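S.K.: Please work out how this folds:
(chains A, B, C, D, E, F, G, H and I, ligands or ions: 1)
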Amino acid sequence: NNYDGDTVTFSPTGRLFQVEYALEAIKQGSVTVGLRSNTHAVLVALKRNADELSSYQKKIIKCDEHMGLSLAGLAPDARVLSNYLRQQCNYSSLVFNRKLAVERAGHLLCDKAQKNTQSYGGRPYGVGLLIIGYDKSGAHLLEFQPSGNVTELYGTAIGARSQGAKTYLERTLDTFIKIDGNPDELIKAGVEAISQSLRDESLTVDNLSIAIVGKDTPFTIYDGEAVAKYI
Amino acid sequence: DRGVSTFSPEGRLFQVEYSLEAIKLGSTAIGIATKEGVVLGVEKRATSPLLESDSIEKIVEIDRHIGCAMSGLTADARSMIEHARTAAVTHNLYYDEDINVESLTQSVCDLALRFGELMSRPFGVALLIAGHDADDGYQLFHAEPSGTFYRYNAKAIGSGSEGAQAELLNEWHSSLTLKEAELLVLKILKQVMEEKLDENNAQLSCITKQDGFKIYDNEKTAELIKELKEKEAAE
Amino acid sequence: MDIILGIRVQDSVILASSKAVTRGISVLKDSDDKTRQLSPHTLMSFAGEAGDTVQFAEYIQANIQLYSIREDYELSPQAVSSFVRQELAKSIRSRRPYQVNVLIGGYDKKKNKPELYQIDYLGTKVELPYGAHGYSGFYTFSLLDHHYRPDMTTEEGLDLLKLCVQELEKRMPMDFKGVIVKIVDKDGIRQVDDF
Amino acid sequence: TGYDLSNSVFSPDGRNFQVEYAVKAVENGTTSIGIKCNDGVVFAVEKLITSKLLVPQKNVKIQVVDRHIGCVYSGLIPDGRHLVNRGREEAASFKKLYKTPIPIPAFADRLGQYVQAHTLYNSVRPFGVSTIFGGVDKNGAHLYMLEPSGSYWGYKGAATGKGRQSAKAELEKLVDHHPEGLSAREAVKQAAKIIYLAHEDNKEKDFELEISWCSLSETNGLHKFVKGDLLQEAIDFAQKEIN
Amino acid sequence: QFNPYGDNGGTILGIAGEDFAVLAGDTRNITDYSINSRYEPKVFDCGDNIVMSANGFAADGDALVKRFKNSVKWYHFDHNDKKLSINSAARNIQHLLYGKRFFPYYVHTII
Amino acid sequence: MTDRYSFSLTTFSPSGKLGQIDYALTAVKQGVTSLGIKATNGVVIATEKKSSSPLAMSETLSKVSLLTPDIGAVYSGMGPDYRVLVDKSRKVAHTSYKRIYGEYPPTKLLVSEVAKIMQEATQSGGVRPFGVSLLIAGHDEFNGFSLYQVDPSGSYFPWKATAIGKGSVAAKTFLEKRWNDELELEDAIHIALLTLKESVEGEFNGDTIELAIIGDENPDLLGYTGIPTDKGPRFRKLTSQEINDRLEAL
Amino acid sequence: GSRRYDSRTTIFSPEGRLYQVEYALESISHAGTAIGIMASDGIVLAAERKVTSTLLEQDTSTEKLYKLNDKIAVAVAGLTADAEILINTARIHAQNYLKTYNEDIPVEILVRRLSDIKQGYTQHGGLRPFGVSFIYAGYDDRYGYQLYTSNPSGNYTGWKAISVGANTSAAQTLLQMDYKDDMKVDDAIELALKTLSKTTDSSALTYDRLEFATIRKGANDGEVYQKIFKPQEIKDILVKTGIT
Amino acid sequence: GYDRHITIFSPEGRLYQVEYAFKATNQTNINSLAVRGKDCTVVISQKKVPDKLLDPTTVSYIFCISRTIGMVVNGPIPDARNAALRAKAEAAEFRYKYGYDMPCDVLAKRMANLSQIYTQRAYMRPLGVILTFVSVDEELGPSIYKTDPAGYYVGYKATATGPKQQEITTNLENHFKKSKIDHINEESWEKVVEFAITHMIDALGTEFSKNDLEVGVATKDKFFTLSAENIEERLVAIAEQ
Amino acid sequence: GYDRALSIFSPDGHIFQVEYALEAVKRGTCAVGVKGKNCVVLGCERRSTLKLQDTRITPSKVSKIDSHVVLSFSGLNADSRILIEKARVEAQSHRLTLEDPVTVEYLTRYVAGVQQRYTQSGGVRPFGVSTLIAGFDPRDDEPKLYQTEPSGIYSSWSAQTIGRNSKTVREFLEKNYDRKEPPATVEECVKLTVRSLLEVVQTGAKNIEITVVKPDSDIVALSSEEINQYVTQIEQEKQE
Ligand SMILES: [Cl-]
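M.R.: Numbering: from 1, shown residues only, chains lettered A, B, ... in the order given. Below, you will see the structure:
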């Protein structure tokens, strides 16, 4: 109310409204899902168009050969943050000949988002990210919130109506975590997960976006006729 | 007052949303993409009859393979065009090749959110970027001050946009010829414009693989206007 | 570069400047004009380091032209010479100093008098009845000490100048390919085409 | 009024309301504690299990600074990470110039001055965390608690978060019943009990327990996480006491 | 006075056919009259069917190959995974080299 | 972080007033009375030493300060503001004058530099004006003795005699009746003590009054001999005992 | 942040005026009147001191009239402290020109630069403008005798006769009435004193409330002399015209 | 009314932020006192440790700034420690630059100057603290100098600070009216400490255990704080008379 | 450095500081540009509430940017000096690098760019100035007239006016200027310009300034009598 003019102000109950308003931009975003087994990690994203004459806004971005993310909210902010991750992954490779641990990637995003919540003039990032990767400790899934909070999960979803997929994955937990050495089945589970968040619209060929990374699979994105297999 | 980079309670940036209102006050610009080329057309809208209309420059070349149309606070577009041209030429210097249309558009959109307390405010102008490259063929992009860009088969921006866009939804198909697209831009511009459309208050342009980006003469557009009026009377 | 001369007579300043541009064992050009007009009644000739000369000349020209447009007025030859001196005096303690020697010939319209200033790259300014830069002075000064009179006409000045060029063409080691001669008086700056 | 709209402004009381508002953010966070013992310190924290989908043991909250200091905090988690990052920078520069690892009181003032600095200007926000931290140096064991204002003291036991009062009461009993001192292994068990007892004030979601310790005899003066057999033993001790 | 350059010896060779190209190099690495390694490869696959060698001062050679490999990576990131053609690679390498015009990479480069 | 206050805090109001300067002068009005009188062969500056507690040692707090050997200053208003102004004033007499000309600045020019410093606190970003009015007394070879007033705005005026602060209105009127252009330094000291008694309420002695003169050169206060041209400071602070001697023949 | 306390000194009103400039002019309208009159053989500067006290040292005083170089002087209306900042800049600028070109600075060039500095404080930097209006009186060999005025906006104009500060409206009407082009310096001296005498807010105009200066070619042959009047000389010139 | 939020003048020529910083001074509800002997300067302050979980040895408002200078603070501990670190750094630099130990009064002036800046510059708040500096200066002898958020400072014969400062002040005034001298006419610092505690007891009307007090003593060439047992030894001596 | 974003968007999509800068232009004295078949004429109003002016030394309303291009303006006088100075410096810089004087379009494009920059830079307000820029390109005889405004937009005009009551004089020019036949001579162009100002001015005495620019750096300012003859002639044809 009187305490939402900037990020540098606390409300009387200890809230940061600018950070909460940034969180709200994610809620308006199109639904995206993340889930993993012990061998692979999978992103599924519902893409959004302006109208029938426009393209469908790309939701998934590659960060390295072993890492990448999906976005929900302000897309330019995802571009800034993904670019930062690309550099951090890159620095680790050039300087230490070391693939950046998905966990460190989370810590680095947390600290970059945090600085924008304590200084005058700045604003919080207005985007949520789901980071998947395969590193020296196996497959991983992370959830980034622009409050700075990063969380490691077996599965999750962010965006509008994400609660449907998040409930489904919570039920399916014991099944999909043991889909080891089978990419097409882990994707099927993720495609069924994102279907619990659809209303009046169904998954089409220029609507669905799937990404996968794992033991013997570089981070690769599927669009167009390559996702027809899964509808 | 309040910070320039402040979020609204609905999760949107005040200044970005307000600049979108400035663009709705701008003159209409329409683009249509075909397999034979991309057409760009704009309403000139002279504020007075004494103003020499050919000095109104709302369609602009970025490179031989990329052109651009604008709507809103058009003075804001000068540095955007300057950046676009430098980005295009610089990429050719570094890589001995043409820069992809999408890469150009992404570069222009990188300027957009570089405001705050960097420039003092967002741009008050939207851009239609049209071009050709070997990988993805003929392309049309709508670049906004939000930093977001969508690829379009056809798109209208400015005061007559929502009416013109609804018209473009009905008319566009994946088999339109370049000539069919030219006439369609003229037809839809004539519909949404205030004053009566002629060769002096509207301008056409296209980009083709073979001949690159070309702004049409007033003589060439006048004949397309005459061809359009004759075809509408012919049924 | 190489030869630049100047003679102030009763009513005008005459500047003579060599036409050759030599690099290595090749004379690359024999029609080079080593001069810039700073204002309607002020002319500057220059000699020195390659690149530096024209760059400095044109920089001074731009500044005097800027002043002219701002004030709708022409600076006196004395004022222009002092501006040029200061620029060179700054330059001599820079990271890379301008290695340029200049002569400034002007007609002061307020005084109705010709004026000739000799300024070297260090910023050493002197007003003179006659001037030279480089090795040229070693022949011309003594010659002019003998034949020069303060009341000479423009025609007498040109004959006096012919005598200098002749001496230089006889005793100087290098072929400087003749001179371009220009006259500064009450009516401005004009070039003698047949010298 | 309006005295509460800007950091570093004194109210007519002589208070900085923005700091007091940051304290509200800390009171909203989960419970964390510190127990000082014979030759070291023990840290424990409550991790609310929001969903089945959280990977157990894999969202670690206790943080190490240098090799001998442990830090835990309640409130805005990102703010706590910022403070630890600074703590690590401070400790590195102390070890660089002076060779010896940073003493705990020295480290405490480094964090204190840094947090205090964020109450001096209106262009920064106070920290939304209270931080419990400590370790072992050349003078033995030290436990500290640092608040948003920059205020810190040495503690026999410390608690912050939603269950701070419950935990404080439980801590005071240990101080009264053990005047001679508590052993490191005992303090680990007690930490588990206190977190379980402090969980009553946050009992909708069930939780995951996380413990760490520094002890001159048990961990050789270095910070280590309590895992496996020692953790399950501590969990069981706690489960027996609530029933 | 410290000399920032050295000479690691070796030699390289590139030949082009109608539908193929070879890039060869010996595997010996030296300083002065000593052998550092009998097998230290200096011909590398840089992705997008481009092979590269920068022969002379190995520290500069490795630095350049490292920077170009990284350049290929970012070309994909910035231009929708587009393949970097050999002519575009060549132009890019010119700028990598000329950027250190007044403190040169002490190498002969072949791709 | 960093000073984000790069804008003026003193601005013009619709009526034309500069609010913060006016309010600074109001602070000066609340301040304890100080005065200056110019004689033919010297200048006297005086003020009351308002003690904050009887446990405080008022000798450790000097209201009258030496700026150069021939220039002294006193004030009315905010003490802390005055103290830092004296530091700055002493330094600027060196940096912008003595280090250039090898001699101390004349009174009018040192006054001019202090006025500049106070003017800048009226226009620069993120600062309030100084809450003090200064009275600066001094001597220099080519101008003789002089007395100046510097206000929060940065304005300065030369005075034959004047007062500033609490009871300045009454004190100025008292000085107008007593001042003539033939006053000898001792006559000016006498009038200074008389004028101050009107504004002082409690104890009136050499421990509650601070008083200094600009008069003859004091060779005994130089600290060295052997240079004929160096003859000693003209600034001298009267001792507590020297004040009481004059309070008997009052 | 600090946005809260920003007055925004360099913005437009809805009517297209600059608030701070307008308010600075309002401040200047309460300052003592200063008059400049340009004659064919010289220039007069006359200014009224702000309500004097009898114990003010009148001879060693300067408040209104300042020397910029040997050929240019200024009359001040507004905050004196603000004026001295600008006067020192102007003095340095004059010397820079003399050092560069070996000729004394033409009056307009000096006036333009000082006016340009004022302009800057109204467009950028977020600082309050200088609350000062100047009357420039000077001579150069291009235009001869010249009077200019500048104000807080940074706008400057040339005059035959002009007033700044208090009661300019009444002062200008009086000057417009009795001024003619063939006027001499001694006539201009009289007009200046007569105008101040009629527009003054005081009871009667006396020597101790005035500063006076002339810029004549009344030296010896083709050169210009600046005469800042001493107290006694103002007392005499006030008697000579029969005001006292 | 933004003139109450930053350090600019109010219409009546006041600085409210400075005034409110003075009120922050009493936020700890602790009273301090300083007196001078012949050879020493003693400072005492109340020690209130309410929480049983606190380590009492770490609760302190007396600081050793240098070997010769001690400082007691009245005000919140974060601001108190901010002032102490700066004072330590300033005193260390002075010694390096000028070749001799920083006098108590000079450090006081310097810290007072820093405080003055925060009353004039907008981006910096005043510190809500009052700093009492004590030493036995090699030139001036036993010294007490005190700083506040206004940037004011002065030397004292003796002084007191805190919520109940006026009671202690008048108590001390009345003693020095009687004794007719500027100090405590005592040989040992032990008895000057005893005098200090005695006159604090009388003025506050409370009894102290060994853990209710905090004592700093400055002698020639060193300032030191007393342990609980040093104070207990001192409390026993007062009781047995 | 002072950073405040002074020019920002409002909810309706307007930048008020730019729009208020236009109000300052509307307050300024009227300026008019008319281009003929072989010339451009710049006319300027001078308000007459200022008697006792010295017109020798007072800043003229039309400024030479180079020997071939001129600039007049409406709005804040102090602001215009900054634009004129920058334009004059760019004029000399262009001659230095391109070895050719500026085109009128280029000089205008530069001036407009400067104005635009002051609408999205922190810590600055927009220029309270609109300009008329007229002249002839090097080695060209086609007349050029351009107009700029605070927002940064610029365009070419056959004839245009700015300043107070400019809407009245624009009305006059809109019915009195034939695009098919521009004023064929200098005399015709000066007259149409003087006529248009007389719709708004008052007395045709020392209230109107006229400057004529012809090809190849041929610029001259008319004197009082020369202008007064146009005023006298127009009034006698009017009484009909
Ligand atoms: Cl200091």
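
S.K.: For the rest of this, base every contact and every neighbour count on C-alpha atoms.
M.R.: Noted.

S.K.: What about residue F:8, how many residues nearby?
M.R.: The number of residues packed around residue F:8, counting by other C-alpha atoms under 10 Å in any protein chain shown, is 25.

S.K.: Repeat that for the one 5 residues further on.
M.R.: Number of residues near residue F:13 (other C-alpha under 10 Å) recorded here: 16.

S.K.: is it true that it touches residue F:19?
M.R.: Yes. Contact criterion C-alpha atoms under 8 Å: residue F:13 and residue F:19 qualify, at 7.1 Å.

S.K.: tell me the helices in chain A, going along the chain?
M.R.: Remark: helices assigned in chain A by DSSP state H are A:17-28, A:75-96, A:102-115, A:162-176, A:183-194.

S.K.: Quick one: work out the angle between the first one and helix A:162-176.
M.R.: Here helix A:17-28 runs at an angle of 70 degrees relative to helix A:162-176 (axes from the mean of the first three to the mean of the last three C-alpha atoms, to 10 degrees).

S.K.: Any part of helix A:17-28 near chain B?
M.R.: Yes. Shown here: helix A:17-28 in contact with chain B (C-alpha under 8 Å from any C-alpha of the partner chain) through A:18, A:21, A:22, A:23, A:24, A:25.

S.K.: Between the helices of chain A, which one is closest to chain H.
M.R.: helix A:102-115 (20.2 Å; C-alpha to the nearest C-alpha).

S.K.: State the separation between the closest one and the centre of the chain it belongs to.
M.R.: Relative to its chain's centre, helix A:102-115 lies at 14 Å (C-alpha atoms, centre = their mean, to the nearest Å).

S.K.: Tell me what angle that helix forms with helix A:75-96.
M.R.: Using the same axes, to 10 degrees: helix A:102-115 against helix A:75-96 is 130 degrees.

S.K.: May I see the buried residues of helix A:102-115?
M.R.: Buried residues in helix A:102-115, counted by 16 or more other C-alpha atoms under 10 Å in any protein chain shown: A:102-103, A:105-115.

S.K.: And those residues, which two are furthest apart?
M.R.: Farthest apart among the buried residues of helix A:102-115 by C-alpha to C-alpha are A:102 and A:115. That separation is 20.9 Å.

S.K.: Mind naming the longest helix for chain I?
M.R.: If you go by DSSP H, chain I has its longest helix at helix I:77-98.

S.K.: Name the next helix or strand following the longest helix along chain B along the chain.
M.R.: Counting by DSSP H, the longest helix found in chain B is helix B:77-95. Using DSSP states H and E, the next helix or strand after helix B:77-95 towards the C-terminus is helix B:101-112.

S.K.: Who are the packing partners of that next one?
M.R.: If contacts are counted by 3 or more C-alpha pairs under 8 Å, 6 or more residues apart in numbering or on different chains; DSSP states H and E, helix B:101-112 sits against helix B:77-95, strand B:125-133, strand B:137-143, strand B:149-151.

S.K.: how about these in TSV, adding mean neighbour count?
M.R.: Shown next, in TSV, are the helices and strands packed on helix B:101-112 (neighbours: other C-alpha atoms under 10 Å in any protein chain shown):
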stretch	mean neighbour count
helix B:77-95	17
strand B:125-133	27
strand B:137-143	24
strand B:149-151	22
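
S.K.: Columns distance to residue G:219 on top of the ones you listed, output as CSV?
M.R.: Below are the helices and strands packed on helix B:101-112 laid out as CSV (distance: least, C-alpha to C-alpha, whole Å):
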stretch, distance to residue G:219
helix B:77-95, 60
strand B:125-133, 66
strand B:137-143, 73
strand B:149-151, 77
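
S.K.: of these, which approaches residue G:106 most closely?
M.R.: The nearest among the helices and strands packed on helix B:101-112, by C-alpha to C-alpha, is helix B:77-95 at 39.8 Å.

S.K.: Just checking the closest one against chain E, any contact.
M.R.: Yes. Judged by C-alpha under 8 Å from any C-alpha, helix B:77-95 comes into contact with chain E at B:93, B:94, B:95.

S.K.: How about stretch A:65-78?
M.R.: No. Using C-alpha under 8 Å from any C-alpha, stretch A:65-78 never reaches chain E; the gap is at least 9.9 Å.

S.K.: Please enumerate residues in contact with that stretch?
M.R.: With contacts defined as C-alpha atoms under 8 Å, 6 or more residues apart in numbering or on different chains, stretch A:65-78 is touched by A:25-32, A:43, A:45, A:59-63, A:82, A:99, A:102, A:125-135, A:158-159, A:213-214, A:218-219, B:110, B:146-148.

S.K.: what's the first-to-last distance across that stretch?
M.R.: Terminal residues of stretch A:65-78 lie 18 Å apart, using C-alpha to C-alpha, to the nearest Å.

S.K.: Also stretch A:224-231?
M.R.: Using C-alpha to C-alpha, the two ends of stretch A:224-231 sit 12 Å apart.

S.K.: Quick check: buried residues in it?
M.R.: The neighbour-count check on stretch A:224-231 (16+ other C-alpha under 10 Å) flags A:227, A:230 as buried.

S.K.: contact partners of that stretch?
M.R.: Contacts for stretch A:224-231 (C-alpha under 8 Å, 6+ apart): A:188, A:191, A:203, A:204, A:205, A:206, A:208, A:209, A:210.

S.K.: Just these: which are in strands?
M.R.: Using DSSP state E, the subset of the contacts of stretch A:224-231 located in strands is A:208, A:209, A:210.

S.K.: Where does chain C get nearest to chain G, residue-wise?
M.R.: Proximity of chain C to chain G (C-alpha to the nearest C-alpha) peaks at residue C:79, 4.3 Å away.

S.K.: helix, strand or coil for that residue?
M.R.: Assigned by DSSP: H, G, I helix; E, B strand; the rest coil, the conformation of residue C:79 is helix.

S.K.: Now it. Nearest residue, chain neighbours left out?
M.R.: In space, and not counting its chain neighbours, residue C:79 is closest to residue G:101: 4.3 Å by C-alpha to C-alpha, 6 or more residues apart in numbering or on different chains.

S.K.: Counting neighbours, what do you get for the one you found?
M.R.: Residue neighbour count, defined by other C-alpha under 10 Å, stands at 21 for residue G:101.

S.K.: Residue H:205 too?
M.R.: A count of nearby residues for residue H:205, using other C-alpha under 10 Å, gives 9.

S.K.: Please enumerate the helices of chain C.
M.R.: Using DSSP H, helices in chain C cover C:52-71, C:77-91, C:137-147, C:154-171.

S.K.: Quick check: which of those is buried the most?
M.R.: Among these, judged by mean count of other C-alpha atoms under 10 Å in any protein chain shown, the one packed with the most neighbours on average is helix C:77-91 (a mean of 21).

S.K.: re earlier: could you dump the helices of chain C to a markdown table with distance to residue H:61?
M.R.: A markdown table is the format used below for the helices of chain C (distance: least, C-alpha to C-alpha, whole Å):
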| stretch | distance to residue H:61 |
| --- | --- |
| helix C:52-71 | 68 |
| helix C:77-91 | 61 |
| helix C:137-147 | 85 |
| helix C:154-171 | 93 |
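
S.K.: which residues in chain I form strands?
M.R.: Secondary structure of chain I (DSSP E): strands at I:31-35, I:40-45, I:63-64, I:69-75, I:129-135, I:144-148, I:154-156, I:159-162, I:208-214, I:218-221.

S.K.: show me where chain F has helices.
M.R.: Listed in chain order, the helices of chain F (DSSP H) span F:19-30, F:79-93, F:99-101, F:107-120, F:168-178, F:185-199, F:240-248.

S.K.: Among those, pick out the one with the most neighbours on average.
M.R.: Of all the helices of chain F, helix F:19-30 has the most neighbours on average by mean count of other C-alpha under 10 Å, namely a mean of 22.
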